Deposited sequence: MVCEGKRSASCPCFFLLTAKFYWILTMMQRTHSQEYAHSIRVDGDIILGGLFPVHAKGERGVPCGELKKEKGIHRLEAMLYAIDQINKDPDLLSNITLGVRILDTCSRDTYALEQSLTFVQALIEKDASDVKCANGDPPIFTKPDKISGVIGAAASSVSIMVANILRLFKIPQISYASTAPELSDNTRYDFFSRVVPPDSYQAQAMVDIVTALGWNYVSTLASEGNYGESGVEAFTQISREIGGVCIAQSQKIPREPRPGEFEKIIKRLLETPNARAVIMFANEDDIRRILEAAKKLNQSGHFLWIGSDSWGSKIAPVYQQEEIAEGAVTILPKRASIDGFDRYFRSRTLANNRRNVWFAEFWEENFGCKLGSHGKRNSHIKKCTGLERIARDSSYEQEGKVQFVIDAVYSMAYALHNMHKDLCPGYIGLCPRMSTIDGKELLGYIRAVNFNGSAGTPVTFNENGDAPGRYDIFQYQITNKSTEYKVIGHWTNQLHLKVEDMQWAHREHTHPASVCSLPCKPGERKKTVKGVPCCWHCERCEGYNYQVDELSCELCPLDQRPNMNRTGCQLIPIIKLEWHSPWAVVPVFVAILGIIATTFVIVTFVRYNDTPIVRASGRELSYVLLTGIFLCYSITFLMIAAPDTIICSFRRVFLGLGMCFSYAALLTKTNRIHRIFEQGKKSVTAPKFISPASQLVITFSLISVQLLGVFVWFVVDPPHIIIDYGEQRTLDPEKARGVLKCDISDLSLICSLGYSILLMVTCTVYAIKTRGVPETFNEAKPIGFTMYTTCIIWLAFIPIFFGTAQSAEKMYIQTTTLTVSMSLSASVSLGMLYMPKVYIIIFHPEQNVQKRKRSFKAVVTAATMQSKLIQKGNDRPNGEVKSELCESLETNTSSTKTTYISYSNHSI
């Protein structure tokens, strides 16, 4: 149950020939690929070194190879089996495969000063020169793998991921390194971090999947887990109908293995894996294919391998004549090159030490009776040679190896499925995205990029997630972070970012609510013009003399001024046209309702002069201007919020002149003719103005206010002036024009 080959310098070996026992038993079944192939590779390397005449001339290399059974306690016992004389002496040990096994064996071997070189251990914790003084490895540590994973995650644009870690030293340390690098660099945020137990209860993987489903926006999972755990996680995901939700990124524990995805292709399609660079060795293939029982009795586990390989027992009966790669499928294990490289590194270190310490001698000099551990380690750390794959093998000052990785993606096209190479990582990422075949490019982001107008509220803690909401219609967008109200006296732009020009309305000759007043004003002007023109040629007429030669003219001018008011008050509010128009308002009203030889002079000029200076007083003290009447007319919808242009003569400033003129109109109008017509005129005017209070105040405002008020005022004043002029002169005109003899 142990392989011994004699020689002058004896190296050790630890390989996982058997797997962990099911329960209460140390060793279980046989690992054909992981156990037998690697020890056969070590034996082949030793034979090549012994046969080589230019390396370790006349010096033989022996081996003492034992088994670990994938358990650290068994390997601890075997490591104690190594160091017993401290008689043959072990000069070096080819390290174990699992991280825990290597850690415990290195803990033991540091006391007795025995250099150790591993081929499959990647734990970062072994890079500490203050705790593991005599440990080296030909595979890169997991710090480089975590950095590469971060670079891949940030290269595809993802910034929201979850992590899965298998219990132990490997997965937990890898996930911790990834988390620390992510926190230091910044840019990607970790949502959840799970922990697959060593011995899970039934239904554990479904529970893990359901917990991962507590964050639908984290579709990318970083996995540092064993192949059995990967298979069971994929089985649970398939069972829960998530064939397309998750995106997988695996470590070297996934690699290019087929067992975890044997009949679960759809749930694992598009998974990204990372492996150390490696190739196949044809010499090892020929050596292994040349092995038979009659010539490979050096291996003590070879009969069990024969039985478990060809399916017989020596059921079917072994004929002792089968050959590998013919009666069964054959394929190299991926980690043969590393074992051969470790063995050759030890050989080269011994060669250099012999060259320095024992010069010009054939064989082994007496000074070299006992190999010195510390000097041997120093020589190990400074080797430089080309390995079995044509690639250099070198070490750092800590004993690690440079990080050189290849990247694979699982892809399904028609019926052929295979891990396809897409890029590499040699101190810097090189990823060809044009050859990535998912299920265009997917997405794993916490928050979508928002539209233009919002306020971005970064959540406390994680910078990756933001909740963006669109502010009200009364504000604009200052930036992606805040909103502000430009419309203090304006309106916002349609994009809720700018500030639009304010709509405004007016009464510029528009047809609605403005054509009736001018229509009646034209007729009134024509009638008054006809009356006055008829009177002009007949100033000597006896009825004209009875009415007064100039008594009529002033009145006709007054009502003509009233018509001028009723007409040119609808054009536009400005500082040129409607400015100073209210003095004409009052002038026309006072004439038409007051003027009704020198006596005429005084009673026509005195009162109009006093009222003229009065109106002049408040035209000076209260000058006109243009107003923009947004004010309280702030409609909630800006598109429905239109301003208006009006004269600076206020709402109650146009009416002030009327009251004086109203009191002047009441009775100040001064058996004979023309008396009863004046009485009828006064009665008609009184009935006209009785209803004026609701007429002149529509008490509605809204948007009709200017239109309703202007139309009511113009119509009422025009009608009153029309009746006043009419029920006194039209008749006399008819007598003058139609019947000439009645005079």
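> Going by C-alpha coordinates, which parts of the deposited sequence are missing from this model?
According to the deposited record, C-alpha coordinates are absent for 1-37, 124-143, 372-380, 506-509, 667-691, 766-775, 849-908, which together make up the missing parts.
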